[PDB]
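# Descriptive structure summary
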Amino acid sequence: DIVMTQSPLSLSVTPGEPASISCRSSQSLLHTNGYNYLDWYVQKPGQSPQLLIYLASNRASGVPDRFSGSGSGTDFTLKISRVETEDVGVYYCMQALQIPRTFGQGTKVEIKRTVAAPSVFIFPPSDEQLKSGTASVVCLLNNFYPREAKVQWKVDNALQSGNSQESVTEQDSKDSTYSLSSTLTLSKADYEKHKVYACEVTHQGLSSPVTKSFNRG
Amino acid sequence: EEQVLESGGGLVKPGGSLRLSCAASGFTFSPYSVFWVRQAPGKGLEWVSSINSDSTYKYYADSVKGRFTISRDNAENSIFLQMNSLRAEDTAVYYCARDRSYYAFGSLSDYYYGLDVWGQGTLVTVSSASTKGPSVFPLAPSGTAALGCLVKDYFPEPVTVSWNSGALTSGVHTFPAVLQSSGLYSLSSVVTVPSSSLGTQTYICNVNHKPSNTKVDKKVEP
């Protein structure tokens, strides 16, 4: 079959700056009719995948003119001349020379913006949840950049390990920020034994870590 | 030609069967080859199957050969993918896509355009685990206040969360579901609102889990 490889696998670009993604095939995509059978697609958070470029260098109708493609044989490039905030997504090349159709790994495009510290909130478990026998404590980091953050849980000043999970949103298409949840899970029995619950957040945008805390349990 | 919609996806046990459908809106499928492409959990795109305009050329990825069968019906303006002997690793979002090219009478077009109309996708989950509807808990607000709903212990994906019947969208973040140790999913949906509104505005999260036919509303109050 034909194997497709993209480089890089991740890009971070300031709005207004150009971005380039390379695609390499394991054999030539140049057909004897003179055309190169390489497409580019984009998949954005919660949307139908979109055709950007076909036959290596042709922009599909409806696609902004900031997009162009080039290359021949086994080496191809998608270029975005001036990135916009809505360009966040994953970009794939696909060869259309042979069956099976094959895709590159995907290249994630992130929009670079100025550093933004998270707003932090902590939520004790509801009285309602405690009836289930489990207690979830939720720490929310809202609207921050960059994505990297450390969240540390302490229970009566004892550091927690192995009992929390994180989830992060896709980058916002307008403000280029992320939000993150950290959820600490313990038995109602263990929750009710301790008094102070705290999440400490460490982030590029915070000169010193921020702690949010509550008393109960 | 403007849209397609995939349906038929859901939870099935390994060894089981499902039939997916892809229906065209705003154009007719008849002139075109149609492709199925899937995306396994947090991974990239992989081609599954294709069928040409008159059904003489049906192609399948090696991984599904002999297990999947593609077909089409003009009267219904639809393409179908019958999936038999399902495997755990068939778990994926399945997309249908119209190729606008002319294919002569098979894999290579001299009049190529490409896959220009794709659907939103339908999730197929292949697992021995049982369906379970979520429990929904409020995240009560303690300037700007944050509040939310914890949507806990459900299977399979997906759930949908809205706020105030869709009236509240600004400031909403619904987190990607995370698989817990138990093999059940959990997520939170949060929104920020004015602290001064808490006494006079109602906040209700609307949670829908189609796979278990559960629909829950939860009032979030201080």
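Residues numbered from 1 in each chain as written, not as in the entry; some residues may be left out. Chains lettered and ligands numbered in written order. Heavy atoms only, no water. Residues with missing side-chain atoms left out of burial classes, pairs and counts.

The deposited coordinates, according to the entry record, derive from X-ray crystallography at 1.650 Å resolution.

Moving on to the overall build of chain B. For chain B, the helix and strand inventory stands at zero helices and 19 strands. With respect to the principal axes defined by its C-alpha atoms, chain B has extents near 70 × 35 × 30 Å. (Helix = DSSP H or I, 4+ residues; strand = E, 2+ residues; numbered from the N terminus.)

A few words now on the domain arrangement of chain B. Residue and element names in this part refer to chain B. Here chain B is described as being made up of domain 1 (1-128) and domain 2 (129-222). A separation of 33 Å is found between the C-alpha centroids of domain 1 and domain 2. Across the domain 1 to domain 2 interface the summed buried area is about 430 Å²; carbon plus sulfur atoms make up 62%. Area buried by domain 1 at its contact with domain 2 is led by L11, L123 and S128, which between them contribute 71% of it. The interface formed by domain 1 and domain 2 includes zero salt bridges. Counting every contact that joins domain 1 to domain 2 gives one residue pair in polar contact. Taken together, the residues that form the side of domain 1 that touches domain 2 break down as two nonpolar, three polar and no charged. (Domains from an automatic or database assignment. Buried area = accessible area lost by both parts, 1.4 Å probe. Salt bridge = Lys/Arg side-chain N within 4 Å of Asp/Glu carboxyl O. Polar contact = N/O pair within 3.5 Å; in protein donor to acceptor, adjacent residues only side chain to side chain. Nonpolar A, V, L, I, M, F, W, Y, C, P; charged D, E, K, R; others polar.)

Estimated volume of the largest cavity: approximately 140 Å³. Along its surface, the largest cavity is lined by 16 residues, and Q165 and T183 of chain A together with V178, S186 and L187 of chain B are the ones closest to its centre. Of the residues contributing to the lining of the largest cavity, the split by class is five nonpolar, nine polar and two charged. (1 Å grid on protein atoms, 1.4 Å probe; cavity = no way out; pocket = protein on both sides within 12 Å on 5 of 7 lines; lining within 4 Å. Points joined across faces, edges and corners; volume = space filled by probe spheres on them.)

What follows concerns unusual backbone geometry. The amide bond that connects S7 of chain A to the next residue, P8 of chain A, takes the cis arrangement and shows omega of -5 degrees. Mapping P8 of chain A onto the fold places it in the loop between strand 1 (4-7) and strand 2 (10-13). Residue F155 of chain B is joined to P156 of chain B through a cis peptide bond whose omega torsion reads -5 degrees. With respect to the secondary-structure elements, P156 of chain B resides in the loop between strand 13 (144-154) and strand 14 (160-163). At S176 of chain A, a residue that is not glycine, the phi angle is positive and equals roughly 60 degrees. Looking at the secondary structure, you find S176 of chain A in the loop between strand 16 (164-168) and strand 17 (178-187).

Here we come to the domain arrangement of chain A. All names here are of chain A. Split by domain assignment, chain A resolves into domain 1 (1-112) and domain 2 (113-217). Averaged C-alpha coordinates put domain 1 and domain 2 at centres separated by 37 Å. The interface is formed by eight residues belonging to domain 1 together with eight residues belonging to domain 2. Both faces considered, domain 1 and domain 2 share a buried interface measuring about 660 Å² in area, 45% of it formed by carbon and sulfur atoms. Summed over the three residues of domain 1 that lose the most area to domain 2, namely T85, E110 and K112, the buried surface amounts to 54% of that side. (Contact = heavy atoms within 4.5 Å.)

Residues and elements named next belong to chain B. Taken together, the side chains of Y102, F105 and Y111 make up a nonpolar region of the molecular surface, amounting to roughly 400 Å² of accessible area. Looking at where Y111 falls in the secondary structure, it is placed in the loop between strand 9 (92-99) and strand 10 (115-118). The exposure class of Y111 is exposed, given its relative accessible area of 57%. (Patch = residues over 30% accessible without salt bridge, like charges linked within 9 Å, V, L, I, M, F, W, Y side chains within 5 Å. Areas by Shrake-Rupley, 256 points an atom, 1.4 Å probe, with all protein chains shown as cover. Buried < 20%, exposed > 50% of the residue type's maximum accessible area, 1.4 Å probe, protein only.)

In this section: the side chain of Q43 of chain A. Here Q43 of chain A is to be found in strand 4 (residues 38-43). According to the relative accessible area criterion, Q43 of chain A is buried, its value standing at 11%. In this structure the side chain of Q43 of chain A is engaged in a polar contact, spanning 3.0 Å, whose partner is the side chain of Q39 of chain B. There is a polar contact of 2.8 Å between the side chain of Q43 of chain A and the side chain of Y95 of chain B. Dropping the residues within four chain positions of it, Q43 of chain A is found in contact with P49, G89, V90 and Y92 of chain A together with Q39, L45 and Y95 of chain B.

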